[PDB]
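Everything below concerns the one structure shown next.
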Amino acid sequence: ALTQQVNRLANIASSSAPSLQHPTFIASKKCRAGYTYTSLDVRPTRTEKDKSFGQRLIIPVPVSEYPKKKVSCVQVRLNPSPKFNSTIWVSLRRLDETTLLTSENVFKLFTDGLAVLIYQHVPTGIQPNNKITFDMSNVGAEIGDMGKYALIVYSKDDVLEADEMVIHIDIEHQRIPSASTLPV
Amino acid sequence: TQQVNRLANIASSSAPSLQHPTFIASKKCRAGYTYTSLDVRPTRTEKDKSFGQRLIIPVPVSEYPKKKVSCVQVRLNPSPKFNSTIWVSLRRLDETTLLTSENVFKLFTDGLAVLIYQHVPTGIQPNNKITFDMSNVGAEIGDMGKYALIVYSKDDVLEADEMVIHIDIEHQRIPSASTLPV
Amino acid sequence: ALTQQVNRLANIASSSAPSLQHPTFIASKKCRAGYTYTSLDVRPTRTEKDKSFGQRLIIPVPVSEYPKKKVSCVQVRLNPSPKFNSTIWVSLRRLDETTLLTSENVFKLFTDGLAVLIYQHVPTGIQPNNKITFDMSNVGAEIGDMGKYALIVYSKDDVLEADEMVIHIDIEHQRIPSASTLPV
Amino acid sequence: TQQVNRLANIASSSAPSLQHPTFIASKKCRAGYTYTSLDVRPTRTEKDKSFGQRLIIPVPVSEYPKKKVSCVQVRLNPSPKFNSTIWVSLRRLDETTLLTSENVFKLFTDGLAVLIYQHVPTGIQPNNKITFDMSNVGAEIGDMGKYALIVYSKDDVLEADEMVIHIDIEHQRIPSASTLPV
Amino acid sequence: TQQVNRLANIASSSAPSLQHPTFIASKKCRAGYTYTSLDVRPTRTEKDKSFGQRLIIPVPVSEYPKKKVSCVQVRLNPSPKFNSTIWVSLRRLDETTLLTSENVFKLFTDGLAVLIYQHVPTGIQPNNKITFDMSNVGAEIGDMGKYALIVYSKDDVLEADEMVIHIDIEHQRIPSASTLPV
Amino acid sequence: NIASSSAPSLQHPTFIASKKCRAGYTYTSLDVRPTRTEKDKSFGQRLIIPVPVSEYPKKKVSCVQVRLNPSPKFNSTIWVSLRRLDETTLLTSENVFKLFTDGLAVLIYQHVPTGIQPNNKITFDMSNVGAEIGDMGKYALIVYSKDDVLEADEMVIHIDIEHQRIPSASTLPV
Amino acid sequence: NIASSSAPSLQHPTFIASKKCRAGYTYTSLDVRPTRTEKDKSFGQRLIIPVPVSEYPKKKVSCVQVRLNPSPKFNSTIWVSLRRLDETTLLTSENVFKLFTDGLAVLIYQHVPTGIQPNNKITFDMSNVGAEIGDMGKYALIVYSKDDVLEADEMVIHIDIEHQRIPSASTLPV
Amino acid sequence: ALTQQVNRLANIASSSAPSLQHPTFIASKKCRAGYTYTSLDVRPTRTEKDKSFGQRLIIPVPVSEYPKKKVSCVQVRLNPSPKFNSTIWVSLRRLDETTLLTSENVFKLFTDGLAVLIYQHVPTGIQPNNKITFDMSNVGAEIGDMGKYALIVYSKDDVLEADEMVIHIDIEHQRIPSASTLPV
Amino acid sequence: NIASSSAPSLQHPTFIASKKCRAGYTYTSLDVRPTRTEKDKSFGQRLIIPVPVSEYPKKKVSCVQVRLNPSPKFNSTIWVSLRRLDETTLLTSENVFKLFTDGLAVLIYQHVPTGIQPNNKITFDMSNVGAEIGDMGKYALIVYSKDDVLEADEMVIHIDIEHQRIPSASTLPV
Ligand SMILES: [Mg+2]
Ligand SMILES: [Mg+2]
Ligand SMILES: [Mg+2]
């Protein structure tokens with residue numbers, strides 16, 4: 001028997017179905033299994049129209065303690081509030097504080113070799129495809145590295161409000177060491 | 001030959017069936033399990049105002065609290081007067097925590113599933129059901145009370161007659177208890 | 001060969017040695033392995049002399065979500081501050097808020113079927129045996145159950161200050177389910 | 001079992017992937033080949049006016065002209081200010097031949113591929129890429145200069161910041177040349 | 001027969017050896033690894049005041065930052081003038097975070113090892129060493145700088161001549177680099 | 001045939017010769033017009049890895065040669081080298097010397113009427129220090145005009161970087 | 001015997017030594033008296049392949065050395081090299097420097113009272129750029145008289161061209 | 001049978017016992033056997049308080065004649081007189097007369113990579129551990145070399161007197177050639 | 001494969017090249033700022049073995065190179081070398097010459113406007129004299145400022161010492 005096409009057909013048939021148990025929120029999978037991940041909360045600030053907002057990657061206190069911990073991918077789901085009226089562009093890349101997101105600056109990178117997600121408010125429910133992910137399997141990303149990165153957003157039409165939405169960014173990486181013996 | 005059957009199952013979910021107006025499919029989550037539905041006529045709820053109801057198990061089940069729950073579906077048969085469009089979900093609760101609009105959003109927007117039901121003109125919204133799993137969390141019948149369903153009328157001042165919700169509860173069959181009462 | 005005494009002799013020889021790498025802090029092991037634990041921080045309040053202080057068990061936000069999660073034991077290490085001048089009695093049991101630690105009330109239980117740790121400040125370094133543990137393997141303790149419990153302390157001589165010390169209470173329990181697939 | 005894999009490949013191209021906003025797939029045309037992209041900020045171009053750029057290979061490749069080219073993709077990342085709608089393509093050229101609107105159409109309309117990019121409101125146009133093959137024609141790196149990309153702003157007076165194009169070039173890997181310069 | 005040898009090892013650690021005044025044993029944490037010590041004459045530090053020093057790797061090692069560290073022992077040879085009694089340890093740092101007495105305690109008291117050295121009259125305190133492991137955390141030579149050793153003079157106004165500390169660093173041997181400089 | 005395999009080697013006393021460290025490695029050059037930096041005044045530039053590589057800070061670097069093609073106008077005589085560091089350290093004449101006179105490399109290029117002029121190439125090894133692409137930024141080349149104040153046009157330097165070939169770039173872009 | 005086969009190699013620090021790229025290859029020289037080109041003024045000549053070769057523009061070129069026998073009168077000091085291009089580009093002093101200071105070769109030949117004078121030979125490789133005989137025309141050598149204005153008689157250059165042997169010339173002509 | 005632990009357990013049990021036949025004088029063994037040793041007498045001088053006394057290694061007339069004779073270790077037993085009232089620090093290292101034991105100088109070395117013995121007068125008999133030894137197996141020490149070395153002492157509290165004590169320093173080294181034929 | 005084993009060797013006429021004696025050997029460098037020693041006046045420094053090595057005077061030494069990184073200010077021209085001796089002997093100009101002109105080594109480093117400057121490195125062999133670490137002290141390097149009086153800042157010397165790797169340093173300290 002040849003099972004190298006069955007899987008493909010099965011998974012392609014799936015992912016593309018408005019089955020049961022779920023809002024207008026797309027699907028999601030997992031990177032190099034044998035990995036665990038960590039999510040992050042990011043309520044934006046009332047960012048003007050044509051204005052861009054961004055946040056650096058600020059690892060959490062318990063993981064941040066293991067830089068050199070490899071990252072595979074990094075998904076970004078965004079649960080919007082009912083008050084999400086605007087429509088915006090969003091993505092994320094490496095840095096050096098040195099650079100500032102002058103509207104002009106942002107476009108620059110937005111437009112070139114790299115991924116970017118658009119989230120528009122549709123009055124026919126709400127834009128399904130609400131998450132996007134990035135792969136570090138190759139660039140080679142250690143946990144410390146994260147800080148260098150940072151996600152962005154650009155409010156194309158409405159002056160997005162802080163109450164308009166909240167983003168969760170999930171991070172696939174190697175399991176951190178599990179202690180099997182009580183403290184000092 | 002498990003790949004092929006898997007595709008046959010998926011194709012079935014995706015095809016208008018001769019038993020629904022627009023109400024999408026709804027497979028159950030357990031064998032050897034029975035369920036129990038609930039009726040929920042929501043109080044007329046203002047625009048931007050939210051309505052919620054605790055999980056008040058009924059009289060005959062409420063008595064075997066040690067029984068576990070797998071999942072809990074929420075089908076919502078709307079009345080023709082259903083004009084508004086709303087967001088709905090449910091989670092663990094602490095009474096105190098109040099359904100203040102602001103509070104609501106808070107949770108709505110984070111790790112957890114939520115259903116939106118809009119009144120469309122070309123027939124009516126399909127997926128009118130949504131399910132939640134308690135397997136992992138480990139949920140006993142008594143536990144239910146802790147949880148509670150919510151609703152947010154995003155537009156029209158949702159009317160009382162605008163709709164009715166049914167909450168289905170998968171759990172362990174209750175002992176046949178073959179022995180007439182008292 | 002008979003290896004049912006070797007282990008015992010080896011572990012008894014060990015635990016009782018002022019070897020290397022460690023202050024006047026006793027040792028520690030692990031309960032039903034295949035379990036993970038969780039620690040808790042408890043800076044006390046300036047508790048008078050002859051007065052007792054106590055804290056209920058307030059599980060954390062990520063675990064508290066899985067009551068019905070069995071607990072094996074519960075250790076209580078106490079890293080004291082240099083300013084730890086007093087000497088105190090400490091332990092922990094089940095409850096019902098209904099009861100209040102009237103000095104008198106405390107003694108009552110302190111004295112009967114149950115464990116209790118004394119921590120005195122010695123001027124010959126500091127009291128080694130600084131931790132104590134309790135077993136729930138049998139009483140059967142689920143995570144929800146914890147809240148019912150609560151640790152206590154009684155300042156026998158000095159009016160213990162909040163800066164005098166801080167306690168960490170570690171909890172052996174079953175590993176919580178690990179998600180292997182990114183969010184909504 | 002080559003028919004089955006063929007359908008699996010086709011099904012894959014046709015399914016939103018978790019790495020694109022609306023930018024359709026884009027398979028490459030060669031192994032043992034590497035490519036090289038180019039950036040093209042088009043000058044603000046009037047309505048009904050057309051803009052074009054010759055193929056100016058870069059400094060480090062431009063030096064191994066004997067290297068052959070397979071195909072050349074043209075992805076175009078538009079800015080949010082991208083409001084216009086335009087037609088674009090490219091072919092062999094004779095400098096003299098001038099991008100006079102009229103001339104343009106002439107070729108546009110005949111044996112050859114062309115891409116149209118319109119600004120839609122429901123998100124944004126998908127297929128933002130298009131590729132051309134030089135295998136047959138036989139195209140050397142030097143040859144590129146001969147060719148040139150074009151654009152026609154059918155509606156808005158296409159702005160400079162309205163967008164940026166990237167031209168990908170599949171060709172033979174360049175000799176590792178393991179030996180530090182001069 | 002691994003149990004028996006284990007007891008022989010343990011018994012050895014626990015027996016005055018003919019090479020120490022009162023300085024307890026001190027086994028190393030790695031093979032194929034070499035270490036490097038450091039000298040630390042602490043500035044005279046008030047009573048209740050704390051002193052600290054960052055990990056300033058030296059000139060010849062500081063150059064192979066990619067080299068990993070296993071553990072780091074801290075032996076402290078006190079002078080006869082050593083009269084005070086102090087607490088000492090070390091951890092990751094953020095410069096800013098200041099050795100304000102209060103800050104110190106904060107960490108001292110939590111998940112982490114700390115050594116106390118008191119001046120006794122019947123000879124002198126034994127265990128004068130303590131070690132920390134970086135295996136798990138994953139520590140490169142460069143990383144060291146991040147960390148820093150601390151001290152708290154609990155009693156006497158610890159004098160400069162009161163003592164000297166040596167910090168031993170287990171890490172990967174440096175390449176023989178058999179090839180005279182420049 | 002380990003003898004035949006190692007055989008590689010070729011060079012002669014002249015200003016025209018240069019090998020390379022490890023095969024399967026590719027390199028990358030850099031351009032550096034200096035500044036009209038004064039006499040006695042030193043000029044320096046950080047390692048600004050370019051746009052397509054700068055994306056795998058984890059890739060390894062073997063060597064890094066620095067050839068310098070001068071302009072016919074180049075007249076001054078200057079010392080030049082490079083090392084790692086923290087932006088914190090500043091190229092004060094005094095600071096410069098400090099390092100210059102260290103157990104670590106350095107070239108001098110002066111123009112004089114004597115047969116031919118010095119090699120313009122010099123190279124540094126990272127095969128041991130262990131240098132990843134990201135690491136480069138930390139390093140930075142320097143120069144000290146011992147005599148005439150060189151002008152931004154008295155010369156142009158090219159810095160070549162041996163390192164691991166970057167991703168096969170398997171399939172077409174975005 | 002791959003070791004014996006590769007064995008070939010021989011040269012020493014002096015103005016008398018030169019090998020060759022690939023065997024089975026023959027070469028062709030060229031003569032180039034310059035022009036009384038001014039001081040600061042640059043002189044250049046295109047690659048005028050000769051009459052019998054110029055007929056197989058498809059033949060491959062390996063290297064191209066450029067030895068230059070100067071006259072005893074040669075006094076000036078000059079820079080010299082060569083590259084490809086489009087007739088369009090013009091040897092303005094400024095343009096010259098531009099390339100001179102590129103990731104691509106160059107020699108300087110000055111006359112001074114110091115032991116012996118620089119090598120007059122320099123060579124360039126085409127084994128990779130891939131150069132066909134026709135291609136030559138595109139290239140062209142240059143020179144810049146940094147000092148004294150050299151005269152058309154201050155020197156004569158010979159340019160040797162390694163390439164594939166031309167047709168066996170099997171049978172007698174027309 | 002496995003006899004690689006028996007010996008260890010036996011010798012560890014021993015050395016740590018107040019058996020029979022011996023004052024409050026610790027024990028002692030032997031270095032590379034097949035070696036003989038040589039002792040030295042060192043009555044100190046009335047060395048002030050906070051003052052340090054030292055003596056170079058002055059090999060004896062019959063051995064001193066065979067420099068290049070390797071030394072393994074060097075023990076230093078110190079039989080104190082009843083009048084030993086003070087308490088002192090003692091050790092020993094290489095030299096070059098050039099250096100002088102300024103109290104300050106002494107500390108310097110005392111505190112660093114190297115052994116050091118403290119001998120205090122206790123009124124509960126007398127400080128058992130009265131000897132210390134140093135190993136040259138590795139540094140490689142020839143008999144001539146000794147002279148370079150020299151032992152020291154620092155009277156921490158009482159102004160040690162010459163009558164307060166006397167030290168014997170024993171030297172393990174290779175047997176010197178034994179003549180088996182009468183003289184000239 | 002004794003041929004392949006011996007194969008090791010690589011160097012070219014320039015101020016950038018240095019091998020090493022025997023493997024399994026490690027070395028140790030030393031720093032030596034001189035003194036503002038007069039013109040004609042010689043300066044010297046004994047071999048002050050450092051603190052961690054100085055403890056195995058019985059360890060063997062192979063070679064001992066002496067590279068000298070000068071400061072840009074270095075102007076004087078000087079002779080330099082080193083040998084064993086008894087503190088008794090004193091560096092009087094006359095005494096200096098005596099040895100300088102012996103069957104035993106020596107370098108001269110002057111600064112001049114001529115292409116590049118001499119190698120700064122020189123090395124000495126002990127593989128036969130038999131030198132133990134302790135022995136070093138007996139030796140000592142010297143210098144003679146033939147012209148300008150060099151200043152303690154006109155230069156800094158590094159002396160590298162090939163010798164047997166010291167004790168594996170098996171287990172953690174005291
Ligand atoms: Mg790393
Ligand atoms: Mg239960
Ligand atoms: Mg000897």
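Scheme for the structure tokens: letters A, B, ... for chains in order shown; per-chain residue numbers from 1; ligand numbers from 1 in order shown.
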How would chain I read as an mmCIF file with C-alpha atoms, in the first residue's frame once least-squares superposed on chain G using all paired C-alpha atoms?
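Result saved to superposed11.cif:
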data_model
loop_
_atom_site.group_PDB
_atom_site.id
_atom_site.type_symbol
_atom_site.label_atom_id
_atom_site.label_comp_id
_atom_site.auth_asym_id
_atom_site.auth_seq_id
_atom_site.Cartn_x
_atom_site.Cartn_y
_atom_site.Cartn_z
ATOM 1 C CA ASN I 1 49.721 8.632 -9.207
ATOM 2 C CA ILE I 2 47.412 11.627 -8.836
ATOM 3 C CA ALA I 3 50.086 13.012 -6.528
ATOM 4 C CA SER I 4 52.751 12.797 -9.240
ATOM 5 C CA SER I 5 50.319 14.226 -11.817
ATOM 6 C CA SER I 6 49.530 17.323 -9.707
ATOM 7 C CA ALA I 7 53.231 17.726 -8.788
ATOM 8 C CA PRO I 8 53.801 20.554 -11.350
ATOM 9 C CA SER I 9 54.833 23.873 -9.738
ATOM 10 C CA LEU I 10 57.903 26.149 -9.727
ATOM 11 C CA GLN I 11 58.556 29.857 -9.001
ATOM 12 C CA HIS I 12 60.720 32.198 -6.874
ATOM 13 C CA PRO I 13 60.695 35.847 -5.655
ATOM 14 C CA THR I 14 62.054 37.612 -8.790
ATOM 15 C CA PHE I 15 61.137 39.381 -12.049
ATOM 16 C CA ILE I 16 61.593 36.146 -14.060
ATOM 17 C CA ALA I 17 58.796 33.536 -13.639
ATOM 18 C CA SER I 18 55.405 32.571 -15.156
ATOM 19 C CA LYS I 19 53.295 29.395 -15.468
ATOM 20 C CA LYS I 20 50.144 28.751 -17.533
ATOM 21 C CA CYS I 21 46.497 27.686 -17.165
ATOM 22 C CA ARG I 22 45.486 24.281 -18.500
ATOM 23 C CA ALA I 23 47.425 22.373 -21.141
ATOM 24 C CA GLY I 24 46.230 21.648 -24.672
ATOM 25 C CA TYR I 25 45.775 25.382 -24.645
ATOM 26 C CA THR I 26 47.798 27.714 -26.790
ATOM 27 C CA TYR I 27 47.990 31.458 -26.433
ATOM 28 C CA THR I 28 48.340 34.604 -28.457
ATOM 29 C CA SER I 29 50.172 37.817 -27.710
ATOM 30 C CA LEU I 30 49.392 41.411 -28.572
ATOM 31 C CA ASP I 31 51.424 44.542 -29.033
ATOM 32 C CA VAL I 32 50.516 47.869 -27.527
ATOM 33 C CA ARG I 33 52.550 51.004 -27.794
ATOM 34 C CA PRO I 34 50.613 53.517 -25.710
ATOM 35 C CA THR I 35 50.028 57.193 -26.479
ATOM 36 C CA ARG I 36 51.843 60.232 -25.203
ATOM 37 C CA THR I 37 49.012 60.320 -22.661
ATOM 38 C CA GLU I 38 49.221 63.187 -20.228
ATOM 39 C CA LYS I 39 49.956 63.179 -16.549
ATOM 40 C CA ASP I 40 46.813 62.243 -14.621
ATOM 41 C CA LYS I 41 45.493 61.312 -18.032
ATOM 42 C CA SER I 42 44.604 57.696 -18.621
ATOM 43 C CA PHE I 43 45.160 55.702 -21.831
ATOM 44 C CA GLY I 44 43.292 52.583 -22.872
ATOM 45 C CA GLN I 45 43.006 50.092 -25.701
ATOM 46 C CA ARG I 46 40.289 47.589 -26.559
ATOM 47 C CA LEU I 47 40.957 43.901 -26.990
ATOM 48 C CA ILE I 48 41.610 43.721 -30.698
ATOM 49 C CA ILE I 49 41.756 39.973 -31.302
ATOM 50 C CA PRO I 50 43.970 39.231 -34.317
ATOM 51 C CA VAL I 51 42.913 38.102 -37.720
ATOM 52 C CA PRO I 52 43.289 34.334 -37.581
ATOM 53 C CA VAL I 53 41.735 33.782 -34.177
ATOM 54 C CA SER I 54 39.152 36.493 -34.253
ATOM 55 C CA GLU I 55 37.288 33.936 -36.370
ATOM 56 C CA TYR I 56 36.081 31.608 -33.588
ATOM 57 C CA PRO I 57 34.484 34.048 -31.154
ATOM 58 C CA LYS I 58 33.094 30.897 -29.601
ATOM 59 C CA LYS I 59 36.451 29.545 -28.424
ATOM 60 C CA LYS I 60 37.153 29.718 -24.686
ATOM 61 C CA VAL I 61 39.739 31.788 -22.838
ATOM 62 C CA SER I 62 41.353 30.738 -19.558
ATOM 63 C CA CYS I 63 43.706 33.533 -18.514
ATOM 64 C CA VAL I 64 45.240 36.612 -19.967
ATOM 65 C CA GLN I 65 48.587 37.819 -18.717
ATOM 66 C CA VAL I 66 49.979 41.207 -19.457
ATOM 67 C CA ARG I 67 53.727 41.532 -19.425
ATOM 68 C CA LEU I 68 55.116 44.971 -20.213
ATOM 69 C CA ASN I 69 58.599 45.514 -21.489
ATOM 70 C CA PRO I 70 59.425 49.191 -20.865
ATOM 71 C CA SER I 71 61.954 51.310 -22.706
ATOM 72 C CA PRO I 72 65.068 52.594 -20.883
ATOM 73 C CA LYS I 73 63.471 56.005 -21.259
ATOM 74 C CA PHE I 74 60.390 54.916 -19.313
ATOM 75 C CA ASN I 75 60.425 57.260 -16.359
ATOM 76 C CA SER I 76 56.874 57.969 -15.244
ATOM 77 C CA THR I 77 55.110 55.903 -12.642
ATOM 78 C CA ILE I 78 51.766 54.431 -13.653
ATOM 79 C CA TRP I 79 48.785 52.292 -12.623
ATOM 80 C CA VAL I 80 47.371 49.776 -15.020
ATOM 81 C CA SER I 81 44.679 47.081 -15.334
ATOM 82 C CA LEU I 82 41.687 46.056 -17.481
ATOM 83 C CA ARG I 83 38.045 44.945 -17.423
ATOM 84 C CA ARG I 84 34.976 44.504 -19.594
ATOM 85 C CA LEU I 85 32.454 47.206 -20.474
ATOM 86 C CA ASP I 86 30.421 49.162 -22.974
ATOM 87 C CA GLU I 87 32.178 51.644 -25.246
ATOM 88 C CA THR I 88 29.696 54.024 -23.617
ATOM 89 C CA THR I 89 31.775 54.282 -20.434
ATOM 90 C CA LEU I 90 34.584 56.810 -20.746
ATOM 91 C CA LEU I 91 37.997 56.965 -19.058
ATOM 92 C CA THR I 92 37.592 60.247 -17.228
ATOM 93 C CA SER I 93 40.094 60.403 -14.387
ATOM 94 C CA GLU I 94 37.174 60.196 -11.947
ATOM 95 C CA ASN I 95 35.646 57.203 -13.742
ATOM 96 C CA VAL I 96 39.011 55.395 -13.658
ATOM 97 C CA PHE I 97 39.449 55.516 -9.911
ATOM 98 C CA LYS I 98 35.912 54.205 -9.456
ATOM 99 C CA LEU I 99 36.865 50.809 -10.893
ATOM 100 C CA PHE I 100 40.470 50.819 -9.854
ATOM 101 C CA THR I 101 39.049 50.672 -6.291
ATOM 102 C CA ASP I 102 36.801 47.609 -6.924
ATOM 103 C CA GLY I 103 36.790 43.997 -5.947
ATOM 104 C CA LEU I 104 38.781 43.509 -9.191
ATOM 105 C CA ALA I 105 42.659 43.396 -9.739
ATOM 106 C CA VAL I 106 45.398 46.039 -10.654
ATOM 107 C CA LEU I 107 49.166 46.759 -11.013
ATOM 108 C CA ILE I 108 51.440 49.748 -10.426
ATOM 109 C CA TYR I 109 54.772 50.071 -12.195
ATOM 110 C CA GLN I 110 57.065 52.884 -11.113
ATOM 111 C CA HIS I 111 60.718 53.391 -11.746
ATOM 112 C CA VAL I 112 62.875 53.840 -8.669
ATOM 113 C CA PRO I 113 66.511 53.434 -7.532
ATOM 114 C CA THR I 114 65.928 50.373 -5.336
ATOM 115 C CA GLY I 115 67.417 46.962 -6.079
ATOM 116 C CA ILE I 116 65.174 45.653 -8.861
ATOM 117 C CA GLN I 117 61.838 46.884 -10.161
ATOM 118 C CA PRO I 118 58.348 45.316 -9.811
ATOM 119 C CA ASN I 119 57.190 42.445 -11.872
ATOM 120 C CA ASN I 120 55.925 43.665 -15.180
ATOM 121 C CA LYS I 121 53.652 40.684 -15.440
ATOM 122 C CA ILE I 122 50.125 40.401 -14.072
ATOM 123 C CA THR I 123 47.512 37.893 -15.084
ATOM 124 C CA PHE I 124 43.699 37.586 -15.025
ATOM 125 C CA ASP I 125 41.423 34.531 -14.875
ATOM 126 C CA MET I 126 38.383 33.807 -17.042
ATOM 127 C CA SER I 127 38.045 30.147 -16.179
ATOM 128 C CA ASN I 128 34.853 31.074 -14.331
ATOM 129 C CA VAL I 129 33.434 34.269 -15.827
ATOM 130 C CA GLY I 130 33.510 32.159 -18.985
ATOM 131 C CA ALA I 131 35.215 34.073 -21.743
ATOM 132 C CA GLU I 132 34.907 33.307 -25.422
ATOM 133 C CA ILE I 133 37.295 34.868 -27.957
ATOM 134 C CA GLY I 134 34.617 37.166 -29.272
ATOM 135 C CA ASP I 135 34.097 38.347 -25.712
ATOM 136 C CA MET I 136 37.570 39.877 -25.619
ATOM 137 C CA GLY I 137 36.569 42.893 -27.638
ATOM 138 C CA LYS I 138 34.290 43.841 -24.723
ATOM 139 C CA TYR I 139 37.284 43.992 -22.397
ATOM 140 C CA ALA I 140 40.058 46.519 -22.735
ATOM 141 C CA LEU I 141 43.199 47.439 -20.846
ATOM 142 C CA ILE I 142 43.828 50.776 -19.214
ATOM 143 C CA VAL I 143 46.568 52.978 -17.774
ATOM 144 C CA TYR I 144 46.858 56.067 -15.648
ATOM 145 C CA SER I 145 50.037 58.173 -15.617
ATOM 146 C CA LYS I 146 50.140 59.294 -12.007
ATOM 147 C CA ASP I 147 53.226 61.455 -12.549
ATOM 148 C CA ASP I 148 55.332 62.282 -15.621
ATOM 149 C CA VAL I 149 53.274 62.201 -18.780
ATOM 150 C CA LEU I 150 54.400 58.946 -20.294
ATOM 151 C CA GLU I 151 55.231 59.067 -24.036
ATOM 152 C CA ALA I 152 54.168 56.571 -26.713
ATOM 153 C CA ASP I 153 57.810 55.481 -26.540
ATOM 154 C CA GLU I 154 58.236 55.181 -22.773
ATOM 155 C CA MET I 155 56.983 51.589 -23.089
ATOM 156 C CA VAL I 156 55.497 48.639 -25.060
ATOM 157 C CA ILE I 157 53.074 46.033 -23.731
ATOM 158 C CA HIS I 158 52.542 42.434 -24.693
ATOM 159 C CA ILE I 159 49.295 40.728 -23.702
ATOM 160 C CA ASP I 160 49.255 36.970 -23.750
ATOM 161 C CA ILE I 161 46.009 35.006 -24.135
ATOM 162 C CA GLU I 162 45.553 31.433 -22.955
ATOM 163 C CA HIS I 163 42.738 29.703 -24.799
ATOM 164 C CA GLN I 164 41.735 26.504 -26.573
ATOM 165 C CA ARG I 165 43.918 25.473 -29.487
ATOM 166 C CA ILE I 166 42.206 26.566 -32.726
ATOM 167 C CA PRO I 167 41.142 24.130 -35.536
ATOM 168 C CA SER I 168 43.815 21.527 -36.368
ATOM 169 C CA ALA I 169 43.978 23.320 -39.730
ATOM 170 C CA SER I 170 43.791 19.882 -41.333
ATOM 171 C CA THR I 171 44.150 20.645 -45.058
ATOM 172 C CA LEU I 172 45.762 23.244 -47.325
ATOM 173 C CA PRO I 173 43.955 26.588 -47.962
ATOM 174 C CA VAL I 174 41.446 27.779 -50.587
#
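Near chain E, counting only C-alpha atoms at 9 Å, the chain A residues are residues 65, 66, 67, 68, 69, 177, 183 and 184 of chain A.
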Next, dump the selected residues to file, keeping only N, CA, C and O atoms, as a CSV table (one decimal), in the first residue's frame.
chain,number,residue,atom,x,y,z
A,65,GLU,N,14.4,32.4,31.5
A,65,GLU,CA,15.5,31.9,32.3
A,65,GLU,C,16.3,30.8,31.5
A,65,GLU,O,17.4,30.4,32.0
A,66,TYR,N,15.9,30.4,30.3
A,66,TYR,CA,16.6,29.4,29.6
A,66,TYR,C,16.9,29.9,28.2
A,66,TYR,O,16.5,29.2,27.2
A,67,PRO,N,17.5,31.1,28.0
A,67,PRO,CA,17.7,31.5,26.6
A,67,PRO,C,18.5,30.3,26.0
A,67,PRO,O,18.7,29.3,26.7
A,68,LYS,N,18.8,30.3,24.7
A,68,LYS,CA,19.4,29.2,24.1
A,68,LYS,C,18.4,28.0,24.0
A,68,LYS,O,18.8,26.9,23.7
A,69,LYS,N,17.2,28.4,24.2
A,69,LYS,CA,16.1,27.4,24.0
A,69,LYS,C,15.5,27.7,22.7
A,69,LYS,O,15.0,28.8,22.4
A,177,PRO,N,13.3,22.1,31.1
A,177,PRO,CA,13.6,21.0,32.0
A,177,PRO,C,12.6,20.9,33.2
A,177,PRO,O,12.3,21.9,33.8
A,183,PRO,N,12.4,21.5,46.2
A,183,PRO,CA,13.3,22.6,46.5
A,183,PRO,C,14.4,22.5,47.5
A,183,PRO,O,14.7,21.5,48.1
A,184,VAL,N,15.1,23.7,47.7
A,184,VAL,CA,16.2,23.8,48.6
A,184,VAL,C,16.0,23.1,50.0
A,184,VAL,O,15.6,23.8,51.0
### Message
Using only C-alpha atoms, which protein or nucleic acid residues come within 8 Å of range 11-22 of chain C? Drop anything in the same chain fewer than 2 positions from it, and give the result as a ChimeraX atom specification.
### Response
/C:7-9,24-25,27 /E:7,10-11,13-14,24-27,113-115,127,129-132
